[PDB]
Amino acid sequence: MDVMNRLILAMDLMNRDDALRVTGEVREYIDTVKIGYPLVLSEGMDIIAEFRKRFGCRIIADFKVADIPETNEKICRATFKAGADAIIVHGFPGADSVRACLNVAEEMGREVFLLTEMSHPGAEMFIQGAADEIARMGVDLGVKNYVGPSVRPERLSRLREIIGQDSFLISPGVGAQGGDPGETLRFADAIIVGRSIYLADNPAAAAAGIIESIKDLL
Amino acid sequence: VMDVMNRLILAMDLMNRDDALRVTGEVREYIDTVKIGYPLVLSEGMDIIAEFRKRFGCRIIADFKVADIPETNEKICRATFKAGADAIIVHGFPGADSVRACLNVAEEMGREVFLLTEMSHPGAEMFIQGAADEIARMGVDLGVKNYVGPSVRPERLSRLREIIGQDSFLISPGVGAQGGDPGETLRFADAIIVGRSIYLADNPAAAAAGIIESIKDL
Ligand SMILES: O=c1cc(O)n([C@@H]2O[C@H](COP(=O)(O)O)[C@@H](O)[C@H]2O)c(=O)[nH]1
Ligand SMILES: O=c1cc(O)n([C@@H]2O[C@H](COP(=O)(O)O)[C@@H](O)[C@H]2O)c(=O)[nH]1
């Protein structure tokens, strides 16, 4: 996956007008948008097709899929019907639940991203101790795309070690949560950035600034 | 605690509005509580909650297995309650802050959180099972009053009931299609969740009535 400027916009605004305006304001800087439940549950799954119509961007559905295999299959089918290019799945519920998502993605020409460790403080309680094993599970299942946390670079580096240089790794927690763009790109292929851009007085300048700070990594 | 008619909750995971409405209507006299998940919501929009409330006298539990960072969890809960859900189901494995985020919105908005502690599918053994007792205890410490645990492992369901105490409210999926027994499950759960063995039956009403007959003395 070729992400323009190694920068993925986390569009978690919950108003259609604001979401479209802000994404429009930064369109010259990005070609990949992560759309999550805050936007989808507020404005409907049709918003995905609308982003494609307006921007032509690729769309990653950040739905943190975490159900039993049967339900996971349904969630992925509905998500890919709506035009998502990729979906993010939790690894914690185990291998069968991930495989269900891989099946639908293969069937519809889409990608699965495996979330292995998360960026918030609570991730330390249960997820962190399972994270390396979840990553190895991804490798065993043939997962090629992964998500890991900007805020703990030593953990992000370990995740990269496990999955190898061939795998694709994207990383949230940059900006608002304290992650540094450049340090993160030592290990991740692309950074995910939400509030630092979409709550900025000037989203375009915010995006340009981040890109400026990593220009030697582009 | 919520007063669930016949101790039976319909898991409405059909993905077509016409079918979902038809089946739910057919079992209306047996069930006043409906669990709506992402298969239906991602297919038909959050307005499906409004339509169920309009058409039926049913409480709605939004089975969204909320599993994000605290900030995103808050947004998901707000959107879900705004749409008319009485309650939302949240994963415990992302840790205490992520759960507390949901509890805080639920308190502010006058609605309820259910904490999913262990799951019913084979993959749950890999990571979730080993964390389940601690996730449950964390729920108790956080003041969670409503819980979800698996019918298919009676010993595990029993332990979960022990941890949360008799006053807590506990609902349990995996009955029917996944092999869980209604009667045995209600030894520990307040209510059973049933999907396919009702909604895929030639006569969903007869299917519901049959389950209810089997647990009449309970
Ligand atoms: O570990 C993770 C995984 C995520 O998907 N995310 C998501 O990435 C985005 C972070 O946005 P922000 O830059 O505003 O912190 C949010 O959409 C959040 O749900 C995260 O923050 N941490
Ligand atoms: O551990 C769990 C937790 C669930 O929410 N569920 C949910 O409960 C329902 C089970 O439906 P069914 O009776 O068709 O197996 C589905 O909506 C599934 O997503 C589950 O099966 N196991």
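Counting starts at 1 for both ligands and their atoms, following the listed order. These numbers come from the heavy atoms of this one structure, side chains and all, not from hydrogens, waters or symmetry mates. Chain letters run A, B, ... following the sequence lines, proteins first and then strands; every chain starts at 1.
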Is it true that [X] lies under 4.0 Å from ligand 2, counting heavy atoms only?
{"X": "A/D67", "result": "yes"}
{"X": "B/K35", "result": "yes"}
{"X": "B/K65", "result": "yes"}

For A/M118, the atoms of ligand 1 under 4.0 Å from one of its heavy atoms are 1 (O)
* **Enumerated ligand 1 atoms positioned under 4.0 Å from heavy atoms of A/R195** =>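 Selected atoms, number and element: 12 (P), 13 (O), 14 (O), 15 (O).
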Measure the distance from [atom] to every protein heavy atom, then report the residue, atom name and distance (to 0.1 Å) of the closest one.
{"atom": "atom 16 (C) of ligand 2", "result": "B/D13 OD2, 3.3 Å"}
{"atom": "atom 10 (C) of ligand 2", "result": "B/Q178 NE2, 3.6 Å"}
{"atom": "atom 1 (O) of ligand 2", "result": "B/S120 N, 2.8 Å"}

inquiry  = I'd like the name of whichever of B/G195, B/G176, B/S151, A/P93 reaches closest to atom 12 (P) of ligand 2 through any heavy atom.
reply    =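 Heavy atom nearest to atom 12 (P) of ligand 2 belongs to B/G195.
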In terms of its nearest heavy atom to atom 2 (C) of ligand 2, the top option of B/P173, B/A177, B/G174 is B/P173
Below 30° counts as parallel, above 60° as perpendicular, anything between as tilted: where do the rings of B/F114 and B/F169 land?
perpendicular
Describe, in one word, how the ring planes of A/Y37 and B/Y38 are oriented to each other, choosing from parallel (under 30°), tilted (30 to 60°) and perpendicular (over 60°).
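Plane angle under 30°, so parallel.
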If the threshold is 4.0 Å, N to carboxylate O, is there a salt bridge linking B/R17 and B/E44? yes
Nitrogen or oxygen of A/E117 less than 3.5 angstrom from that of ligand 1
no
Notebook entry, point to check: What do we get for B/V175 next to ligand 2 when only non-hydrogen atoms under 4.0 Å count, side chain, backbone, both or neither?
Noted result: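 B/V175 to ligand 2: backbone contact only, side chain stays beyond 4.0 Å.
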